[PDB]
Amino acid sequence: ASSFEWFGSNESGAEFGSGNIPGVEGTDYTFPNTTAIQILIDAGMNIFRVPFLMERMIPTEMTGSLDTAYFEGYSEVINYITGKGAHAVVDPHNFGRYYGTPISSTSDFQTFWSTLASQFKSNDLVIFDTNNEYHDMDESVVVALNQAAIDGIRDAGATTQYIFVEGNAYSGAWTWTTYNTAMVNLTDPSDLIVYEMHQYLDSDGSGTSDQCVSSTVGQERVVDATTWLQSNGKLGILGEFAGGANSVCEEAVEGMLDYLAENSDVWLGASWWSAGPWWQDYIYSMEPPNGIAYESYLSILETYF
């Protein structure tokens, strides 16, 4: 049946227009469309990562209360996903920063995470994602923020959910051993840590180009991260990946997913970047019915569902 435990998609919109905080719904940001989500569920996708902004969720100070409108619109999406039996990944899409400044106190972060997790604590299908793509920060501080997220989450009473932790250097697979070897030390009472890495297939590994450097680069860029997972006895999920709608990229995505599936003892699954209702013309749009990656990649991806 399934090549992995999890295969699915990011659902973007709540994190758009981050230059506008709080911003206005329908103008600067939107929430994902549950009808399109249901289309992806019917196709067989069982995990959806949902980005949002920390500043819109808990304004002013991350130790404060939740914004009612933003939490309501967001958790409507989360509860739609889990109500259908799929996993919903709660993604603070904040790059380790809060109002632009790198986060530097584990207490405020932990209190943020208690406040947020308390709202989902009895939902076994929610997955908490500590922060999207830490980058250009002190590695020991990145580790400490992942640990503070774990601590705040479990202390909120949310002990049955998986926790996706993310590394420095944009949590890239192809650079994991270069930058995030120190991520081993993370501890969870529930023992439900999964190392979420991201991988794109263009020259700089950012994905801003819809060109892939070769038809085998996807496979090459995940070998070291795989052996790192095995050697240290860790689990991982490729929480973001994508490729341009051309043959070389399609073959690279195929080979990378074949390799990861061969090592499904440590690789728990994958999610495409990205779906959602405001991607019209995006090079990687998984949004049905007419997204480019939905038209060109769905038939490839559904092999692994």
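From 1 onward, residues are counted along the sequence shown.
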Item to complete: Can you let me know which of the two, 280-288 or 8-16, has the higher average C-alpha B-factor in the entry?
Response: 280-288
Response to the item:
Quick note on 176-184 and 85-93: per-entry mean CA temperature factor is higher in 176-184
Worksheet entry | Which of 246, 30, 38, 271 ranks first by CA B-factor in the deposited coordinates | 246
Worksheet, complete the sentence: residue 250: CA temperature factor from the record, placed by chain third, in the highest
Item to complete: Just say lowest, middle or highest third for the CA B-factor of residue 257 relative to the other modelled residues in its chain.
Response: middle
Discussion item. Could you place residue 207 in the lowest, middle or highest third of its chain by Cα temperature factor, using the values in the record?
Written reply: middle
Practice prompt. Just say lowest, middle or highest third for the CA B-factor of residue 129 relative to the other modelled residues in its chain.
Written response: lowest
Worksheet item: Based on the entry's values, in what third of the chain does the Cα temperature factor of residue 198 lie: lowest, middle or highest?
Response: lowest
